[PDB]
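What follows is a pair of forms of the same protein chain, given separately as structure tokens and numbered structure 1 and structure 2.
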Structure 1
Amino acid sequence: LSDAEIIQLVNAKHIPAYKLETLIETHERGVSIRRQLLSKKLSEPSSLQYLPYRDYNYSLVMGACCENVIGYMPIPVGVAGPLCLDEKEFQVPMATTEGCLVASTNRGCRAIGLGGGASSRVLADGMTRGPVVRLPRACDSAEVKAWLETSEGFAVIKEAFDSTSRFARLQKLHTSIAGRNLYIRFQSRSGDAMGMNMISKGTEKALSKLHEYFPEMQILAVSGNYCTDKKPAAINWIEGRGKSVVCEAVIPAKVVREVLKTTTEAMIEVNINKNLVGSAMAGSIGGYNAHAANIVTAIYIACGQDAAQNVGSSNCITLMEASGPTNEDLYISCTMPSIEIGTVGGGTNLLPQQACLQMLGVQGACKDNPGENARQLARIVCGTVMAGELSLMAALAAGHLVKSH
């Protein structure tokens, strides 16, 4: 009954630490006991003292977001804004430990606001899963590909795929062959969820159905890296993954001068030679921007997104052009083809992250139009990336990078 007694009972080599909660009836106590057990295995027993753990809702975490829990990690949250986007104003929450990130993003928002605001559009929406399957011969895999490309073959596959969820709907298939191997990229809507588990479940049922028509087919892995999830890949850049978005703004010369502390000409010379030529010299696929990843990461951590998806979600091409009467105003656009995001599921099930989603008006399911909350969040991310690009690029043009962060 006491923690000490429980620690002894467990230590009889009888019970693994990860099973503590399913033994006691209070999540926090399981965490407390795991911490005690862990302490005696550390070269510095008192190192956990500064890792917080009390008064946190572990009931929402267990069975959904983390195992073998020992506490939580507080990440400072700052706010940038208002971000004037599509005739609305957003106060953007950003979780980071990088000094100057929030300040810089706030400054970009200020330049956009004084510039009359930004406009964005969602160009596409579809999470993907790319399993790898194999047939006895390439002649066979070629036949399966041809079958999948017929309207009836696709129809059969879509029915099986769509049956696994209320929101997952198969839009298309991109099939690629490597000898007897066949990589099938399933692309589907997923309501307001980022959709990975949903799409994977749909894929699983669709492959089972395909097997009925081709019993010789061997499913090697539900993910054959053709999705592509959490690894850099030209396929995400070119075909899109999740939400594809574009945003733009014109910053008046006076604003570029007073808020950004530079000139339109200087910003354009840096953008072309850094974000286009520089990224090209570095052999980048999708990295034609200054720091989209910083903004994507901060918003993702703050809003319960999958931070590991910053790998592909940060894909962005930032463009700048002289505009206006005397070509002294700055036109800027950011195009992000693969923002993997959601307002339902995963980390968005937790209360603090729901608070940040509420701050933006996109928490949970959009009752009146499924998928609209996720689309709106993707639009906010793209616009905030643009605000960040504006400020960092201005700092680089003026020579202010080092002097601040």
Structure 2
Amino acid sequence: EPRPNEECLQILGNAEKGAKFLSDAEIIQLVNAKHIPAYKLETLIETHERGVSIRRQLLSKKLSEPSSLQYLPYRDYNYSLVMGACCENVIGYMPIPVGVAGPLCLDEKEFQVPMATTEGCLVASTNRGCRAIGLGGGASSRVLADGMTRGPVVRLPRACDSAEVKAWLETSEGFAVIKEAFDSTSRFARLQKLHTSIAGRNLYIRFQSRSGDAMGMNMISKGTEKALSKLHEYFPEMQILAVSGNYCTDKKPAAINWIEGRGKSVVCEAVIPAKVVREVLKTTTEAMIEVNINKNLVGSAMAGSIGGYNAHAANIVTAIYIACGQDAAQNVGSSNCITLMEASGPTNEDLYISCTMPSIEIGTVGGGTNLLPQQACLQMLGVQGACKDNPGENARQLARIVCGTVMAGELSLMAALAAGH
């Protein structure tokens, strides 16, 4: 019954028929005969999963092994929340095993932390650290700063002019004018002190603001564009070269994030009694400190590290981020961490530990946190979506949990390194 191209095409152009009245083979025949662009399937096909299905069938016949997608799942997933929002040219989804570490005893609460990973022993090891913390009387944490950033680059005709623009942005009245434009774009937009850097006739401007419970890239970028249109009214010779001049800095290693912070800056701490260090972690405080000093400080220093003074913060950050619908590529900077270990108590046998993470780039609204499975892991922690009565409290609480879980991970791994084998 597969009809000729010309007949299939009239059915397609017929608005009370459409693709729903053609078979997969007929649509594919139309695509291979160059009557439909391979990507405009998503508009023509009236169901999301069939769109995916036909794209897979088309993709398959181009591969060296036609059956390579057999075990890539696609059926019965909620593509409604993904198409035109989270992903394109969708051919399925990738299941990432989710484990749980906890309870994490943090700020007199208890958290069951979801961790999506394929690295064996990471969840178990993280769970052991949680245990040491819990029996040690818990951890305490504080958010020290909060504000996503965007660092556009603009160019003036001369460096004397860029200098003029910088000095102008630093006057109370010049800043206030830029602040008004930025803050007008959203209810959470609240431009903080500006940070600028001249390189010749370039000027890098680092816009920073809270963003409620959203991670904030989009909002900040909208506030930035409006802020710059306003600056351009005062300086019409200014050229806006790029809305991002890598001065943010987003998803690249950069000392500015380490020193100034980006997103949430957090510190977490705990004192593990000697007894717990022995029974849970199978070592002594002395051996843990000797390793922390010579690995996480001296080792990282010999390797030429900026911000990597920790054992495996990235493991925890990455696992939580994938689980909780974060942007996993932001683990580059969000993993920044210095882990400190000191002797405590009357005989120096208790272990004071802290982790400091100045650039946790996190959110509980928007992006991947819109998807229901990701929301389940957020609900687990009690941080899903916006916080009505105290905006930001859910993103802040998630950042504290990330730092606290990183600390658990540091305890366990460092203990294992200290003992051996």
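FYI, numbering is relative to structure 1, first residue = 1. Here, rigid core means the biggest group of C-alpha atoms that superpose within 1.5 Å across both forms.
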| query | finding |
| --- | --- |
| Distance the CA of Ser208 travels between structure 1 and structure 2 [rigid core superposed, Å] | 0.8 |
| Core-referenced Cα shift (Å), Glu21, between structure 1 and structure 2 | 1.8 |
| Rigid-core-fitted C-alpha displacement of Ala168 between structure 1 and structure 2 (angstrom) | 2.0 |
